[PDB]
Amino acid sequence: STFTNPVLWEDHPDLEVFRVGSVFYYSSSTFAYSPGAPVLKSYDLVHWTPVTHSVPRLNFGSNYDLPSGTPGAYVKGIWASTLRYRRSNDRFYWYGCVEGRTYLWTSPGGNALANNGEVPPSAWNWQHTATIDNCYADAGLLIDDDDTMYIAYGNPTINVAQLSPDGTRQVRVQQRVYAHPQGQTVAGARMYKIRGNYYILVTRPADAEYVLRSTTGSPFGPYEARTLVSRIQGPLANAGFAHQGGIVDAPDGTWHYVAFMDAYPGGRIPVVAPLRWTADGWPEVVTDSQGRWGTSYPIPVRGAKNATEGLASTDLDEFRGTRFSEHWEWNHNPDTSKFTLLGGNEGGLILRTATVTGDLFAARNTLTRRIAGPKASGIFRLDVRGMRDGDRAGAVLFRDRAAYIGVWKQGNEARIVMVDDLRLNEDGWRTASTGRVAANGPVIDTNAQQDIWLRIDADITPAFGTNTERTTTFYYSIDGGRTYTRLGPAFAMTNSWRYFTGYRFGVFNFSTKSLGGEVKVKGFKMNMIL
């Protein structure tokens, strides 16, 4: 029984990982996507499924509601943050520093400590619990063995704060518990209590990870460093280096390092290796026989419990019931008066136009989800009969350099179009270009408007550090999805890391004239391209 890396080919960066009984949990960072801070769940560290988000609506300032176009909160919001489960009061604590203040969101755990780490889906209930006016940049929470809470944080040097018993105030801080001896940057703190001593994992961006250990046995350090990895090769080409992430023990006591790689343009994806502990108390990565991060290893937990999630990344989603599956996040906070999940077996998502603008980056209520790699096709099925003069709705390959296939309603004409050259300026994230119609498809009658399928075939095969840009192509069906027609040129995708998040599939609807129009999203399906 073995596994191959990467363990999940979806963009989940700045991961924190820990175990409660039989369950491992993984928290990632989401910038201005809303809900923020997804939590994934796994029985074996290899098969992961999304189960909740720690921040159901971003409460960090009015810019997160995208009230007035770019730069809005693009590439701000949730950077590296931290999640731990507190057994003493059965509560999960998420901390993340956003624009200079640290926000605490918490949820009960449905008595997880007593049920081998399981949390009933209905028990998650995340609430804003505190705002600490100290910036804990790249925070790593530790809930110590005596139930005192510490947070390691900082960039380019590391500090440790002690919080009050309820976790809402700072009561003590020790500055500079670690500084690199050549003045190089460290960041990305995760903090641990292991075998009677304190350890902090830090990244030397973006090619190394160090393991720090308290020299005095106090959580305040100071800490000495040893290398955990530095410029290690494998397990993927053209994806930078395995770094950052965290370490975690399995129920049988063996330890693992879960790191992530810069697999742009798909984004940043997790890889796992075993760890061994030296006689004198330092962790080391178990490489393959050539000193590389292995492409496969033994399964971390044998005979692990099965799935039943519900929706996998590749399952058909017809928006049944009245909440989104955990795969979906809006670009910025949605205007909840302008969308409706109708619910029931029939499902369907109504998107009413929420913004009047010529600029897709300024539009509210663009709904997005991650692209699984290395190659995947995302298919949205819509009814656009409800569109009004000036509306533009469609399926977008969404990032700072974007393209879409969609429908433009102008007077009484509905026409399929493919638009490219949608660009944000990386310096400041204001809009650089509002797009070019690269090709026109057919005018579509009411019957075709009732059931139009829009398909995006995306290649996110890693190309980081190369001179090759991957391409994506777009297709439409107006015969009930039986055949598809190619529209527009192949779209070259950016390998830039500056926007941080990977390319996503999205659906949007806005007006250049006035509000009032709508489309219904009947469903979404992602198919792996083999």
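Start at 1 and count along the sequence shown; that's the residue number.
Between 63-71 and 497-505, it is 63-71 that carries the larger average Cα temperature factor according to the deposited entry.
340-348 and 263-271 differ in mean CA B-factor, and the higher of the two is recorded for 340-348. Within the listed group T322, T82, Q127, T148, the record reports its top CA B-factor for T322. The entry assigns its greatest Cα B factor, within the set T434, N155, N447, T368, to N447.
For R364, the recorded CA temperature factor ranks within the lowest third of the chain's modelled residues.
Sorting the modelled residues of the chain by their CA temperature factor places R470 in the middle third. Sort the chain's modelled residues by C-alpha temperature factor and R430 lands in the highest third, per the entry. Ranked against the other modelled residues of its chain, the C-alpha B-factor of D11 as given in the entry falls in the lowest third. Split the chain's modelled residues into thirds by C-alpha temperature factor. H47 is in the middle one.
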